[PDB]
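K.L.:
Dumping the structure here so I can ask a few things about it.
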Number of protein chains: 2
Amino acid sequence: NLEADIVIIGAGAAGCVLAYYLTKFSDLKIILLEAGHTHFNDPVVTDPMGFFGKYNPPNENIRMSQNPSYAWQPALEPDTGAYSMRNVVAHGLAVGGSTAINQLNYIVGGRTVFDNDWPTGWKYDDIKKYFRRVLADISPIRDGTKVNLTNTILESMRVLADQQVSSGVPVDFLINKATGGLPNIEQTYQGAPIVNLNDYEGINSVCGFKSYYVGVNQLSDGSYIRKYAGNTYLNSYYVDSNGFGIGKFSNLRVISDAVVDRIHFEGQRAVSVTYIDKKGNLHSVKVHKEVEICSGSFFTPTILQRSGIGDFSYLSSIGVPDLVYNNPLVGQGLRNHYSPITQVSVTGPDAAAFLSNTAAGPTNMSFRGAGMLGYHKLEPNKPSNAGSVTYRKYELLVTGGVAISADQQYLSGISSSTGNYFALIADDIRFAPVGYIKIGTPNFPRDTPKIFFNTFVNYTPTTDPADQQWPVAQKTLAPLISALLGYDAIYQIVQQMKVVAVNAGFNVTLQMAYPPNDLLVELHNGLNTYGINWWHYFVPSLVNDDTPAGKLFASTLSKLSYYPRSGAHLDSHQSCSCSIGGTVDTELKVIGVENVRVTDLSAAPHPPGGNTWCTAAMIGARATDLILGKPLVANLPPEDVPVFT
Amino acid sequence: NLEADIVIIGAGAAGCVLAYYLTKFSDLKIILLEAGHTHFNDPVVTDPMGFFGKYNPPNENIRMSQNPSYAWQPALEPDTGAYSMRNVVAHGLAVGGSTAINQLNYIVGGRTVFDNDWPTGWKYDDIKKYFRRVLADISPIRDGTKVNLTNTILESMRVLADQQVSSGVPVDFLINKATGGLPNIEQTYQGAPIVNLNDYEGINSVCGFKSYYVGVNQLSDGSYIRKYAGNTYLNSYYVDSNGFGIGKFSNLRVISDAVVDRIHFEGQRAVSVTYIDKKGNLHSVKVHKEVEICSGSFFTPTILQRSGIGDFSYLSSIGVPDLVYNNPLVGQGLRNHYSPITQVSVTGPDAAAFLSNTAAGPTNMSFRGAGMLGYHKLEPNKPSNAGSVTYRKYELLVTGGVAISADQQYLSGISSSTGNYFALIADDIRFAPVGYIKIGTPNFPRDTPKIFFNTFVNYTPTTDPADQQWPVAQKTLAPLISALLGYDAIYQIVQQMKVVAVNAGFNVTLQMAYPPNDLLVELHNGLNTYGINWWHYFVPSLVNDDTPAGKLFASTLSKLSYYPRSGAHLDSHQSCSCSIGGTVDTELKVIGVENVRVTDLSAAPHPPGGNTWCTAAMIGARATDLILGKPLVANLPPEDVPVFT
Ligand SMILES: Cc1cc2nc3c(=O)[nH]c(=O)nc-3n(C[C@H](O)[C@H](O)[C@H](O)COP(=O)(O)OP(=O)(O)OC[C@H]3O[C@@H](n4cnc5c(N)ncnc54)[C@H](O)[C@@H]3O)c2cc1C
Ligand SMILES: Cc1cc2nc3c(=O)[nH]c(=O)nc-3n(C[C@H](O)[C@H](O)[C@H](O)COP(=O)(O)OP(=O)(O)OC[C@H]3O[C@@H](n4cnc5c(N)ncnc54)[C@H](O)[C@@H]3O)c2cc1C
């Protein structure tokens, strides 16, 4: 018999925090049903370079995000906006969840997004303590080596932002209003004082800096290691090697390899939970007080439908045997970030000397900065607070080498064989597309549910007058407009790059190859000759302009639109699957029953401003507080860390 | 049952002093866990000549520093700076510790080193009483026989120091600023008043003298004996032949043959200690008040890691079962002295008459003086107080016969078969290299832990501009620069030797053979033609001088650098393994718990100016005071000695 009252389902980035601190300051019984094992000895997972295939045997050079021993492999339905191609994205399969197989970034999400996007009691001032706690527990590290590329970028940014402060435009992309009127770009000289983008009081929404924060820890020996949720919260110091708590944590049980099917359910008080061991046997943990769901964005709603709470007509049509509650918002409104790709060529006598120290390393991992921007001026879909508050919209990145897939490499002909390349990425942060998740089999936890996520749907003109069908075209074309404005943003930095590199004693030439520059200069001409109505030319049938200028600009837009659909990566940064206000209240509690609550990244009512690791950790901390009834994690001193072994 | 509250681990040079005086002025219970036996009857250890193999049977002529019946035999990891060769150095194994197998020298360490190198409460004025006490307890003896070699050396030194006083240079190597501006060189005639380098008020940092102080005592019969920590503090007069105290010392127990594994540990108050008898049985001494660690530089940190206090991640990775405190400075920062070697040849009608009375004896033991010097003028790594205070840097020595290993003897072809040789040694005293100690087996006291100690690492030029990579080359090349300047110092005395020997009615010729003189005269020419920037030519790739002069000088440096790596001895004078400020406070107390303190030579935050025997004795005396709470050893009259039997 396996009676319990604390029942966590999944040791993700939020499961570990919740379980660790809940067991630290409470003496209930805790079972953590995890379905993965602890890769404490696997050299590929500990060494960060193993992320880049140092240990793969020659036959099978793949990344852990694809390997089925490491990650769940859902396959999404075809994307009607990207030529009906189906993507595979990964939830982790290990203690610590996705953190075991991630890229280790720590962007906390600025003041603006939570203050004006999150409900009462979750404002930036109400949770920033939790964020301090988690960034303290990890204690990530930066790189401190010089690279002339980042300096070039940041001085070009200063050049351009000085024009932007003048001319009085209130929402241009290099503007910050917490710093008076000017974002604090990091200085450019030996040992300049650093800019920390994750500042405690969220001063910097827009800024420029020079390296990122990754979850490594330099060891005394000289080798760097992965530092993740399983590594910190649940290691040999607290949990027995068989899955039992140690001393102070004695009421803490970890069933490592256990997939939960559903939560058996009585009255409206869920009473029991079923799991399947590796040896094939069902068991049942009895539930006395509560159950916890921390099983990722994708699988959490599936757990809920199989449990019994969800849309009755659909679930009955597929044939789940038990119905509990009719909540037709279960698992709705998924979101994610997106990232197109852009290349540059270099042509000069000493360009090889201009790009040294750009190889990925154990501290940088193929990152060289290099900024974070806001809305472009000519963006039409901005919130009403754009004028008085600055928003985090574009997440600039930079890397050496080639990032485009080998097919695009064949098409453009630009290969890493000819060494003149580096990539700039504008990771959209406020991406619009919204999708939903269902199940197709009421049987067991699969590896692929129904996932619909359509991105770049083009507009179909109708016979309605243009005067009331522009404001549906706008909202349909939103992602295209945002991606194109990001293209403009990257395009209009490269010339300041040319200037500052020529003037810093470097004789090289910079010209974008993918996408080809000529398209972009034509776009710039069209933009600054057509004004805010530049986006009216996505649908040439509505403008009714036969002048060759507008015809050529619309043609340019048309041929350009191929590249965000083709040359991009889909971000793993899923979120927002069981949002507050949709299926749960501000207490994370599930609406319709009394003893089930969801406490993971699915509950976020809005996607945060960065790589969505820290937000889920925060949610775990806060949910610990909510179940506890009193704030202790908020009141713990910042400099107490869990032990590291 | 073996309950205790005073628990000393190891009867070293500091264990004996501590135990003896602690039991003299206190009435607690004292157990001294020693792991060795008392060589009171062994003729080889009592007779000082036995150090030089008078009693070895013909099959096994070895020295006690190698014999495993006498000394622990750690083997260091390969020295990357000396052609990856691994050294073996000895900690003693007997009551009295290393003193039983040592070379018997008494350099106390001058005013400068403790006053500006040791923390508050340990200044020279605050401890000099303890040093007086210990040098009084031993009462070493000198030689009083004439030898023309030492007179030659000292008059040459006078000659050169008179030039050095003029020319106004403030940090040249034959300068003393406590004696106005001139070191007090010992006179040269019959029965001249002696210069005692271990003066009570530390007037002489730099000086010249004519014989050393050794731990013998002339007996009434006519035979000299070893006089050491076990001999003085713990002999038949105070301790029973079974290991029990006598009368006044009745609360004093000596378990002679007992190796301590770890200190069993409760809460944060260590409670018990385990040892292994010769007959194979574990026992346990209960600890009521404190435990004492006096088990040498090497083994003390090992005791600490096996006990439980140390770096958690490393110790957990190797698998010690218990963790107590996370102090990642345990056993860091080892230091030691170093000693290259140099030969001279003599060619003249009466040279045999010039070197009589240089055979080692029971009072000299192969020493014939002969000085102690400070920084050379052109040394770049000097402390900021070099100008206003004189520092002890080079420990000159001299001996008859050949000192180079038989392989070097084959290579140079100079053997003691042709009788024209004596050696000059410049024992570096402020040597830079720093290493660290770990353990590899959490099982029992081994004979060899992980020891890393890299000395002569050469610089690897990079693509950084020279203007900011000279001050990393300097600090990397420091030991090379110091050794080379010592070579210059010895080289530029031999010509004054030629002069004073020719002018004192002796017709002989002096010329260095190993290293060959021609290298050294080329070095002198390069030094005085290149100035302080003579060391820029270690890395010829940075100077960018193609003039044959600089090319030849850099070549000379390159070929010379072979000899300090090859023809030298490693000093046994380990120190500084658990320094004050690193793992203990000014009370010697270990940081993290309440009842364990380290009181041996590992705690020294800086290496003293001489053969590191007297310093550990001082530390024992002071720690007696610290545990006592009142100064009595400081207040004992100087002329009370413990009884000698
Ligand atoms: C390729 C990749 C790159 C990434 N890059 C970054 C980056 O640059 N920066 C960054 O900050 N983050 C990065 N991440 C991490 C990611 O952005 C978040 O850290 C992730 O959303 C963590 O959320 P979570 O822990 O709540 O969800 P999850 O980690 O998905 O939690 C789900 C957990 O529950 C377990 N589970 C699922 N179903 C069951 C079941 N039925 N029974 C029992 N257990 C179950 C799973 O095994 C898993 O351990 C990356 C991730 C990936 C895969
Ligand atoms: C070859 C040689 C030449 C020397 N020459 C000179 C010289 O010219 N001048 C000079 O002044 N000094 C000389 N010395 C001595 C040396 O410089 C110092 O005297 C030495 O550092 C004394 O320090 P210590 O007594 O604190 O350490 P140690 O003597 O090393 O103390 C360690 C003691 O603890 C014991 N012990 C270790 N582990 C355990 C355990 N687990 N359980 C119980 N007991 C244990 C050991 O048996 C030993 O008795 C020489 C030494 C050697 C070996």
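The chains in the structure tokens are called A, B, ... from first to last as shown; in each chain the residues are counted from 1, and the ligands are counted from 1 in the order shown.
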Enumerate as a PyMOL selection string the residues within 7 Å of ligand 2, counting only C-alpha atoms and all ligand atoms.

P.N.:
chain B and resi 9-15+33-36+65+90-99+101-107+258-261+294-297+299+445+572-574+600-601+611-614+616

K.L.:
Can you list, as a list in words, every protein, DNA or RNA residue that comes within 9 Å of residue 83 in chain B when you count only C-alpha atoms, leaving out same-chain residues fewer than 3 positions away?

P.N.:
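Residues near the query, excluding close chain neighbours: residues 78, 79, 80, 565 and 566 of chain B.
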
K.L.:
What does the file look like for those residues with N, CA, C and O atoms, as a PDB file, in the first residue's frame?

P.N.:
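File produced: out-v9.pdb:
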ATOM      1  N   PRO B  78      53.855  14.027 -11.453  1.00  0.00           N
ATOM      2  CA  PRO B  78      54.960  14.497 -12.293  1.00  0.00           C
ATOM      3  C   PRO B  78      55.000  16.012 -12.377  1.00  0.00           C
ATOM      4  O   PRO B  78      53.968  16.674 -12.478  1.00  0.00           O
ATOM      5  N   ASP B  79      56.211  16.558 -12.341  1.00  0.00           N
ATOM      6  CA  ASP B  79      56.412  18.001 -12.393  1.00  0.00           C
ATOM      7  C   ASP B  79      56.516  18.428 -13.849  1.00  0.00           C
ATOM      8  O   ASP B  79      57.534  18.191 -14.506  1.00  0.00           O
ATOM      9  N   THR B  80      55.464  19.073 -14.346  1.00  0.00           N
ATOM     10  CA  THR B  80      55.439  19.501 -15.734  1.00  0.00           C
ATOM     11  C   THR B  80      56.527  20.513 -16.042  1.00  0.00           C
ATOM     12  O   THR B  80      56.884  20.684 -17.211  1.00  0.00           O
ATOM     13  N   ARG B 565      66.433  22.741 -13.748  1.00  0.00           N
ATOM     14  CA  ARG B 565      65.483  21.643 -13.868  1.00  0.00           C
ATOM     15  C   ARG B 565      66.143  20.300 -13.591  1.00  0.00           C
ATOM     16  O   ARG B 565      65.493  19.376 -13.095  1.00  0.00           O
ATOM     17  N   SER B 566      67.426  20.166 -13.911  1.00  0.00           N
ATOM     18  CA  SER B 566      68.060  18.857 -13.863  1.00  0.00           C
ATOM     19  C   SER B 566      68.923  18.667 -12.620  1.00  0.00           C
ATOM     20  O   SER B 566      68.777  17.672 -11.905  1.00  0.00           O
TER      21      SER B 566
END

K.L.:
Which residues come within 8 Å of residue 186 in chain A, counting only C-alpha atoms, excluding same-chain residues fewer than 2 positions away, as a list in words?

P.N.:
residues 154, 184, 188, 192, 193, 194, 195, 207, 208, 209 and 210 of chain A

K.L.:
Keeping C-alpha atoms, export the residues of the selection given above as a PDB file, in the first residue's frame.

P.N.:
ATOM      1  CA  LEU A 154      27.235  47.325 -29.190  1.00  0.00           C
ATOM      2  CA  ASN A 184      22.009  51.532 -20.745  1.00  0.00           C
ATOM      3  CA  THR A 188      33.310  48.879 -24.703  1.00  0.00           C
ATOM      4  CA  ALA A 192      34.008  47.691 -18.286  1.00  0.00           C
ATOM      5  CA  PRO A 193      31.310  47.389 -15.597  1.00  0.00           C
ATOM      6  CA  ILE A 194      28.891  44.709 -16.677  1.00  0.00           C
ATOM      7  CA  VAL A 195      25.182  45.104 -17.350  1.00  0.00           C
ATOM      8  CA  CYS A 207      19.444  46.966 -23.051  1.00  0.00           C
ATOM      9  CA  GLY A 208      22.666  45.822 -24.647  1.00  0.00           C
ATOM     10  CA  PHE A 209      25.126  43.449 -23.006  1.00  0.00           C
ATOM     11  CA  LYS A 210      27.990  41.175 -23.923  1.00  0.00           C
TER      12      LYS A 210
END

K.L.:
Pick out the residues sitting within 12 Å of residue 355 in chain B, and hand them over as a ChimeraX atom specification; count only C-alpha atoms, and ignore anything fewer than 4 positions along from it in its own chain.

P.N.:
/B:146-152,345-348,350-351,359,368,398-401,419-422,506,508

K.L.:
If we count only C-alpha atoms, which residues of chain A reach to within 9 Å of chain B? Please list them as a list in words.

P.N.:
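Taking only C-alpha atoms into account, residues 219, 220, 236, 237, 643, 644 and 645 of chain A sit within 9 Å of chain B.
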
K.L.:
With distances taken over only C-alpha atoms, which of B:335, B:382, B:622, B:377 is nearest to residue 571 in chain B?

P.N.:
B:335

K.L.:
To one decimal place in Å, what is the distance between CA of residue 156 in chain A and CA of residue 363 in chain A?

P.N.:
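Straight-line distance from CA of residue 156 in chain A to CA of residue 363 in chain A works out to 25.6 Å.
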
K.L.:
Could you go through range 311-477 of chain B and tell me which residues DSSP, when run on the backbone, assigns to strand (DSSP E or B), listing them as a PyMOL selection string?

P.N.:
chain B and resi 325+334-335+338-340+342-347+372-373+394-400+421-428+435-438+450-452

K.L.:
Can I get the selected residues back with N, CA, C and O atoms, as a compact mmCIF listing (two decimals), in the first residue's frame?

P.N.:
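The resulting result.txt:
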# COMPACT_ATOMS: atom_id res chain seq x y z
N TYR B 325 31.38 19.77 6.90
CA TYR B 325 31.48 21.18 6.57
C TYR B 325 32.08 21.34 5.19
O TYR B 325 32.96 20.57 4.80
N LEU B 334 50.06 24.70 -0.67
CA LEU B 334 51.34 24.22 -0.15
C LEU B 334 52.48 25.06 -0.69
O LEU B 334 52.38 25.67 -1.76
N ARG B 335 53.58 25.11 0.06
CA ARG B 335 54.80 25.77 -0.37
C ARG B 335 56.00 24.93 0.05
O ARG B 335 55.88 23.98 0.81
N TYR B 338 63.58 25.59 -2.32
CA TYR B 338 64.20 24.87 -3.43
C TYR B 338 65.69 25.20 -3.38
O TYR B 338 66.08 26.21 -2.79
N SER B 339 66.52 24.36 -3.99
CA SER B 339 67.97 24.52 -3.94
C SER B 339 68.62 23.97 -5.20
O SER B 339 68.79 22.76 -5.34
N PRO B 340 68.99 24.84 -6.13
CA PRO B 340 69.87 24.41 -7.23
C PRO B 340 71.26 24.10 -6.71
O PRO B 340 71.54 24.13 -5.51
N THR B 342 75.72 24.11 -7.78
CA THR B 342 76.78 24.72 -8.56
C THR B 342 78.13 24.17 -8.10
O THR B 342 78.36 23.98 -6.91
N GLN B 343 79.03 23.92 -9.05
CA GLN B 343 80.35 23.40 -8.73
C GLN B 343 81.43 24.41 -9.07
O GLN B 343 81.20 25.36 -9.82
N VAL B 344 82.61 24.18 -8.50
CA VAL B 344 83.81 24.96 -8.80
C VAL B 344 84.99 24.00 -8.92
O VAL B 344 85.02 22.96 -8.27
N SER B 345 85.95 24.36 -9.76
CA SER B 345 87.19 23.61 -9.88
C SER B 345 88.33 24.45 -9.32
O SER B 345 88.25 25.68 -9.29
N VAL B 346 89.39 23.77 -8.87
CA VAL B 346 90.59 24.43 -8.37
C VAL B 346 91.81 23.87 -9.09
O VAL B 346 91.91 22.65 -9.31
N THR B 347 92.71 24.75 -9.50
CA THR B 347 93.89 24.37 -10.28
C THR B 347 95.07 25.21 -9.81
O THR B 347 95.18 26.38 -10.17
N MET B 372 74.09 34.64 3.91
CA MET B 372 72.65 34.74 3.70
C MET B 372 72.37 36.07 3.03
O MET B 372 72.70 37.12 3.58
N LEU B 373 71.75 36.04 1.86
CA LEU B 373 71.67 37.22 1.00
C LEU B 373 70.22 37.65 0.81
O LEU B 373 69.28 36.97 1.23
N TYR B 394 67.97 34.53 -0.47
CA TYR B 394 68.87 33.45 -0.84
C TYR B 394 69.66 32.97 0.36
O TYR B 394 70.24 33.78 1.09
N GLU B 395 69.68 31.66 0.56
CA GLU B 395 70.39 31.03 1.67
C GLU B 395 71.65 30.37 1.12
O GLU B 395 71.62 29.21 0.72
N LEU B 396 72.75 31.10 1.11
CA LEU B 396 74.02 30.58 0.62
C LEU B 396 74.48 29.41 1.48
O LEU B 396 74.32 29.41 2.70
N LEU B 397 75.06 28.40 0.84
CA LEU B 397 75.75 27.31 1.52
C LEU B 397 77.03 26.98 0.77
O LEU B 397 77.30 27.51 -0.31
N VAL B 398 77.84 26.11 1.37
CA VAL B 398 79.11 25.68 0.79
C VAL B 398 79.49 24.34 1.39
O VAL B 398 79.17 24.06 2.55
N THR B 399 80.15 23.50 0.59
CA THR B 399 80.57 22.18 1.03
C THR B 399 81.72 21.71 0.16
O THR B 399 81.84 22.11 -1.00
N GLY B 400 82.57 20.87 0.72
CA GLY B 400 83.55 20.18 -0.08
C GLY B 400 82.95 19.01 -0.82
O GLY B 400 81.83 18.59 -0.54
N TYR B 421 87.19 20.11 -6.20
CA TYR B 421 85.80 20.55 -6.27
C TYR B 421 85.23 20.95 -4.92
O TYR B 421 85.58 20.37 -3.88
N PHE B 422 84.34 21.94 -4.95
CA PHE B 422 83.46 22.30 -3.85
C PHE B 422 82.22 22.96 -4.43
O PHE B 422 82.24 23.47 -5.55
N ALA B 423 81.14 22.97 -3.66
CA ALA B 423 79.83 23.35 -4.17
C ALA B 423 79.29 24.58 -3.45
O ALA B 423 79.43 24.72 -2.23
N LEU B 424 78.65 25.47 -4.21
CA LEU B 424 77.94 26.61 -3.65
C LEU B 424 76.47 26.49 -4.01
O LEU B 424 76.13 26.22 -5.17
N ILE B 425 75.61 26.71 -3.03
CA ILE B 425 74.17 26.50 -3.18
C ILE B 425 73.46 27.79 -2.81
O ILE B 425 73.81 28.42 -1.81
N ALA B 426 72.46 28.16 -3.59
CA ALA B 426 71.64 29.33 -3.28
C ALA B 426 70.22 28.83 -3.02
O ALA B 426 69.36 28.84 -3.90
N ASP B 427 69.97 28.42 -1.78
CA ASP B 427 68.66 27.90 -1.39
C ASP B 427 67.66 29.05 -1.42
O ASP B 427 67.68 29.92 -0.55
N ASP B 428 66.80 29.05 -2.43
CA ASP B 428 65.73 30.03 -2.49
C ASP B 428 64.87 29.92 -1.24
O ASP B 428 64.61 28.83 -0.72
N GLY B 435 51.12 24.60 -4.55
CA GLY B 435 50.41 23.40 -4.94
C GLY B 435 49.33 23.01 -3.96
O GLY B 435 49.03 23.78 -3.04
N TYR B 436 48.75 21.83 -4.12
CA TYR B 436 47.64 21.43 -3.26
C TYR B 436 47.63 19.92 -3.11
O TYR B 436 48.25 19.20 -3.89
N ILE B 437 46.90 19.46 -2.10
CA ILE B 437 46.87 18.06 -1.70
C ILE B 437 45.42 17.59 -1.66
O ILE B 437 44.54 18.31 -1.18
N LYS B 438 45.18 16.39 -2.16
CA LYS B 438 43.90 15.72 -2.02
C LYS B 438 44.14 14.29 -1.58
O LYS B 438 45.27 13.85 -1.40
N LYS B 450 47.40 12.36 -3.39
CA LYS B 450 47.57 13.22 -4.56
C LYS B 450 48.28 14.50 -4.17
O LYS B 450 47.77 15.26 -3.34
N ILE B 451 49.44 14.76 -4.76
CA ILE B 451 50.19 15.98 -4.51
C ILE B 451 50.59 16.57 -5.86
O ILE B 451 51.32 15.93 -6.63
N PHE B 452 50.15 17.79 -6.13
CA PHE B 452 50.49 18.48 -7.36
C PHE B 452 51.37 19.68 -7.03
O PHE B 452 50.98 20.53 -6.23

K.L.:
Apply DSSP to the structure's backbone, then extract all residues of range 138-202 of chain A labelled alpha helix (DSSP H) and return them as number ranges by chain.

P.N.:
A: 138, 148-165

K.L.:
Take the residues just selected and output them with N, CA and C atoms as an mmCIF file, in the first residue's frame.

P.N.:
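As a result, result-v3.cif now contains:
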data_model
loop_
_atom_site.group_PDB
_atom_site.id
_atom_site.type_symbol
_atom_site.label_atom_id
_atom_site.label_comp_id
_atom_site.auth_asym_id
_atom_site.auth_seq_id
_atom_site.Cartn_x
_atom_site.Cartn_y
_atom_site.Cartn_z
ATOM 1 N N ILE A 138 20.535 28.652 -8.223
ATOM 2 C CA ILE A 138 21.384 28.199 -9.323
ATOM 3 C C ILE A 138 22.755 28.860 -9.263
ATOM 4 N N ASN A 148 35.814 40.981 -30.476
ATOM 5 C CA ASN A 148 35.616 42.247 -31.173
ATOM 6 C C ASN A 148 34.261 42.334 -31.860
ATOM 7 N N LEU A 149 33.643 41.194 -32.164
ATOM 8 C CA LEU A 149 32.340 41.208 -32.816
ATOM 9 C C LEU A 149 31.287 41.867 -31.936
ATOM 10 N N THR A 150 31.219 41.459 -30.667
ATOM 11 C CA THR A 150 30.229 42.023 -29.755
ATOM 12 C C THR A 150 30.452 43.513 -29.548
ATOM 13 N N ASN A 151 31.711 43.931 -29.455
ATOM 14 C CA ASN A 151 32.005 45.348 -29.320
ATOM 15 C C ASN A 151 31.518 46.119 -30.538
ATOM 16 N N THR A 152 31.785 45.587 -31.734
ATOM 17 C CA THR A 152 31.270 46.195 -32.954
ATOM 18 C C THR A 152 29.763 46.378 -32.874
ATOM 19 N N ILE A 153 29.053 45.314 -32.497
ATOM 20 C CA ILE A 153 27.596 45.363 -32.428
ATOM 21 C C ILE A 153 27.140 46.432 -31.446
ATOM 22 N N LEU A 154 27.736 46.454 -30.250
ATOM 23 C CA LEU A 154 27.235 47.325 -29.190
ATOM 24 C C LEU A 154 27.529 48.792 -29.484
ATOM 25 N N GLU A 155 28.665 49.085 -30.121
ATOM 26 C CA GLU A 155 28.934 50.475 -30.485
ATOM 27 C C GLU A 155 28.050 50.933 -31.641
ATOM 28 N N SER A 156 27.769 50.044 -32.598
ATOM 29 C CA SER A 156 26.771 50.377 -33.608
ATOM 30 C C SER A 156 25.421 50.665 -32.968
ATOM 31 N N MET A 157 25.033 49.851 -31.983
ATOM 32 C CA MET A 157 23.767 50.081 -31.291
ATOM 33 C C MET A 157 23.751 51.433 -30.595
ATOM 34 N N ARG A 158 24.843 51.792 -29.920
ATOM 35 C CA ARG A 158 24.901 53.123 -29.326
ATOM 36 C C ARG A 158 24.696 54.191 -30.387
ATOM 37 N N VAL A 159 25.409 54.059 -31.509
ATOM 38 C CA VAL A 159 25.301 55.044 -32.580
ATOM 39 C C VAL A 159 23.842 55.248 -32.946
ATOM 40 N N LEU A 160 23.122 54.145 -33.162
ATOM 41 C CA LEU A 160 21.758 54.247 -33.676
ATOM 42 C C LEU A 160 20.790 54.725 -32.598
ATOM 43 N N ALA A 161 20.976 54.271 -31.361
ATOM 44 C CA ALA A 161 20.070 54.665 -30.292
ATOM 45 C C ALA A 161 20.182 56.154 -29.979
ATOM 46 N N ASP A 162 21.344 56.772 -30.235
ATOM 47 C CA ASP A 162 21.434 58.226 -30.081
ATOM 48 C C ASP A 162 20.539 58.965 -31.079
ATOM 49 N N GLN A 163 20.470 58.515 -32.341
ATOM 50 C CA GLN A 163 19.446 59.101 -33.207
ATOM 51 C C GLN A 163 18.052 58.817 -32.675
ATOM 52 N N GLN A 164 17.804 57.589 -32.210
ATOM 53 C CA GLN A 164 16.443 57.259 -31.785
ATOM 54 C C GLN A 164 15.975 58.090 -30.598
ATOM 55 N N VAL A 165 16.868 58.440 -29.670
ATOM 56 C CA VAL A 165 16.445 59.269 -28.540
ATOM 57 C C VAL A 165 15.941 60.614 -29.038
#
